[PDB]
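# Residue-level structural notes
Each chain, letter by letter, is given below.
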Amino acid sequence: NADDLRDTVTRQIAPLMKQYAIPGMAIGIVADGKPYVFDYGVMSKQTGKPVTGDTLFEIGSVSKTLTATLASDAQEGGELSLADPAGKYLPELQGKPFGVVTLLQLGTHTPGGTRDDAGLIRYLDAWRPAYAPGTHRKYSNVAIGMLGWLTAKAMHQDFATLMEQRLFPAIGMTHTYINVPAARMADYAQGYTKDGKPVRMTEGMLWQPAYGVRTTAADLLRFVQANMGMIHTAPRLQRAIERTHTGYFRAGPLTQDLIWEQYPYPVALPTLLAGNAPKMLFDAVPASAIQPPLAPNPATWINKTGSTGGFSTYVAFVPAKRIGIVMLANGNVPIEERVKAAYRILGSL
């Protein structure tokens, strides 16, 4: 099994790492609910240390799936409503265009366009949208950056504390960090730009909610299992996790959940390519609200991409089929090439 399974992965990942010169990758597979992690290559070109079970990768915007889960949990406990306006938690913004943006619009990339906290409030005050809220989908770290900020306000806690002392241990993610600890800096892989220059993360404002997660393939895989209800999460978090699969908007070929993005399953490859295409990532796509929102639906392909300066991430799973993939690379891999490999690999199962 693991032999056949590893061969299936290797036939995709080895040429990928070859053509794009990725020093290392960690691949997580759920095959009929069984998890597997397959490590390839090295953590750092200067130290040649190999990718192992504890190697940390930056997952970029896949971080936002965990932020969305936290916000969904707050909603489940009555601490917030996704329909709440930002101005509810930032009273100064009442009267300002951003004060009416809802938490839902931040978690769906539809708010209407895009140092210290006083300056952040200064930035949000002067912010003038290009579109009315909830009508156009436009990828942005300010939207989900603010989703995590506002959820922490509602939950009466520091953001990073909520992630490391609440969410991560409740999934049993024991090698997942917003702030990587000193004893763990040795596990942190080195990223590499498209040139080959080594790089790790620059931490702007709202850096933790939007892209602050470093993690292992095993831990991200366990999250994927939790998103298919497989690992005995407590009832409030389990409901919270499933509710992030609610379908809120159509945007071209893509359906926008809370941060997650989904497609009907079975899914044709052109559907995934079009939904993960650069046009989705950079343009302001008209987004039509789904009324009533789609209930979470096991017969879907649910995925999310992540890209930092030095790392490439992809996550995709099908709850009805009980399969999923996690791909972590410490180099730059074209999004559509992550998509194609996942589609071929998962099609093998």
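So, here's what we can say about the structure. (Residues numbered from 1 in each chain as written, not as in the entry; some residues may be left out. Heavy atoms only, no water.)

This next bit is on the environment of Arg-11. With respect to the helices and strands, the residue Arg-11 is situated in helix α1 (residues 2–20). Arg-11 sits in the exposed class, given a relative accessible area of 56%. For the pair formed by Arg-11 and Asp-54, sequence separation is 43 residues and the distance between their alpha carbons is 24 Å. (Helix = DSSP H or I, 4+ residues; strand = E, 2+ residues; numbered from the N terminus. Buried < 20%, exposed > 50% of the residue type's maximum accessible area, 1.4 Å probe, protein only.)

Let us look at the pattern of salt bridges. Summed over the entire model, instances satisfying the criterion amount to 9 salt bridges. The shortest N-O distance in the salt bridge between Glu-76 and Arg-239 comes to 3.5 Å. When its relative accessible area of 46% is taken as the criterion, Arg-239 is described as partly exposed. The residue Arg-243 makes a salt bridge to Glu-76 at a minimum N-O spacing of 3.7 Å. (Salt bridge = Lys/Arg side-chain N within 4 Å of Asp/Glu carboxyl O.)

So, about the pairing of strand β11 (residues 285–294). Remember that side chains alternate between the two faces of the sheet whenever the strand is regular. Bridge count between strand β4 (residues 136–137) and β11: 2 bridges; the pairing is antiparallel. Opposite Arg-137, over in β11, you have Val-285 as the bridge partner. Bridge analysis of strand β8 (residues 247–251) against β11 gives 4 bridges, and the strand direction is antiparallel. Its bridge partner lying in β11, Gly-247 is registered against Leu-294. (Pairing = 2+ DSSP bridges.)

At a closest axis distance of 9 Å, the pairing of α1 and helix α13 (residues 335–348) adopts a crossing angle of 165°. Comparing the axis directions of α1 and α13 gives the class roughly antiparallel. The chirality of how α1 crosses α13 is right-handed. Two secondary-structure elements touch here, α1 through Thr-8, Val-9, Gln-12, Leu-16 and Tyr-20 and α13 through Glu-337, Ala-341, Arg-344, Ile-345 and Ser-348. Residue classes in the contact of α1 with α13 are distributed as 5 nonpolar, 3 polar and 2 charged. (Axes fitted to C-alpha atoms, helices over the stretch in contact; angles between N-to-C directions. Parallel < 35°, antiparallel > 145°, perpendicular 65-115°, else oblique. Left-handed = near helix turned anticlockwise from the far one by under 90°. Contact = heavy atoms within 4.5 Å. Nonpolar A, V, L, I, M, F, W, Y, C, P; charged D, E, K, R; others polar.)

What the largest cavity holds in volume is close to 60 Å³. Contributing to the lining of the largest cavity are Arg-137, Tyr-139, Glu-261, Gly-275, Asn-276, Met-280, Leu-281, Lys-304 and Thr-305. Elements represented by at least two residues in the lining of the largest cavity include exactly α12 (278–282) and β12 (300–307). (1 Å grid on protein atoms, 1.4 Å probe; cavity = no way out; pocket = protein on both sides within 12 Å on 5 of 7 lines; lining within 4 Å. Points joined across faces, edges and corners; volume = space filled by probe spheres on them.)

What follows covers the nonpolar core. Residues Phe-98, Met-146 and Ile-171 are the most contacted members of the largest nonpolar core, which totals 78 residues. The greatest single-element share of this core, amounting to 9 residues, is contributed by helix α6 (residues 141–155). If near-sequence neighbours (up to four positions away) are discounted, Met-146 is found in contact with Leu-90, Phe-98, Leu-106, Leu-120, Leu-124 and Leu-206. Judged by nonpolar contacts, the second largest core, of 34 residues, contains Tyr-263, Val-285, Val-333 and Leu-346. (Core = buried A, V, L, I, M, F, W, Y, C linked by side-chain atoms within 4.5 Å.)

Between its terminal C-alpha atoms α13 stretches 20 Å, which fits the 20 Å expected from 14 residues at 1.5 Å a residue. Every buried residue of α13 is accounted for by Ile-335, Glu-336, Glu-337, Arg-338, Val-339, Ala-341, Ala-342, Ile-345 and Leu-346. (Expected span 1.5 Å × (residues − 1).)

Quick look at the side chain of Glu-337 now. Considering the arrangement of structural elements, one finds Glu-337 in helix α13. For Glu-337, a relative accessible area of 18% puts it in the buried group. Separated by 2.4 Å, the side chains of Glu-337 and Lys-340 make a polar contact. When sequence neighbours within four positions are dropped, the list of residues in contact with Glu-337 reads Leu-16 and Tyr-20. (Polar contact = N/O pair within 3.5 Å; in protein donor to acceptor, adjacent residues only side chain to side chain.)

Time to look at unusual backbone geometry. The peptide bond linking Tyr-265 to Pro-266 adopts the cis configuration, its omega dihedral lying at 5°. Relative to the helices and strands, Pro-266 is located in the loop between β10 (261–264) and α11 (269–275). With an omega dihedral of 0°, the bond running from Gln-291 to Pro-292 counts as a cis peptide bond. Phi angles above zero are rare outside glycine, and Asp-32 is one such case at about 60°. Its location among the elements puts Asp-32 in the loop between β1 (24–31) and β2 (34–41). Positive phi values are uncommon outside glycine, yet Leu-206 reaches one of about 55°. In this fold, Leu-206 is placed in the loop between β6 (198–199) and α8 (207–211). Residue classification places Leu-206 among the buried positions, given a relative accessible area of 10%.

How two aromatic rings sit relative to each other is given by the distance of their centres and the angle of their planes. Within this structure, the stated rule accounts for 6 aromatic pairs. Here the aromatic rings of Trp-301 and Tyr-343 are separated by 5.9 Å at their centres, their planes lie at 45°, and the arrangement is tilted. Of this pair, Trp-301 sits in strand β12 while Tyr-343 sits in helix α13, placing them 42 residues apart in sequence. You can call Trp-301 buried: its relative accessible area is 3%. Taken together through their ring pairs, the aromatic side chains of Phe-223, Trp-260 and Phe-317 make up a single cluster. A cation over an aromatic ring shows up here: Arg-6 above the ring of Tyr-40, its NZ or CZ 4.6 Å from the ring centre. (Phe/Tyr/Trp six-rings, centres within 6.5 Å; stacked < 30°, edge-to-face > 60°. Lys NZ or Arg CZ within 6 Å of the ring centre and 35° of its normal.)

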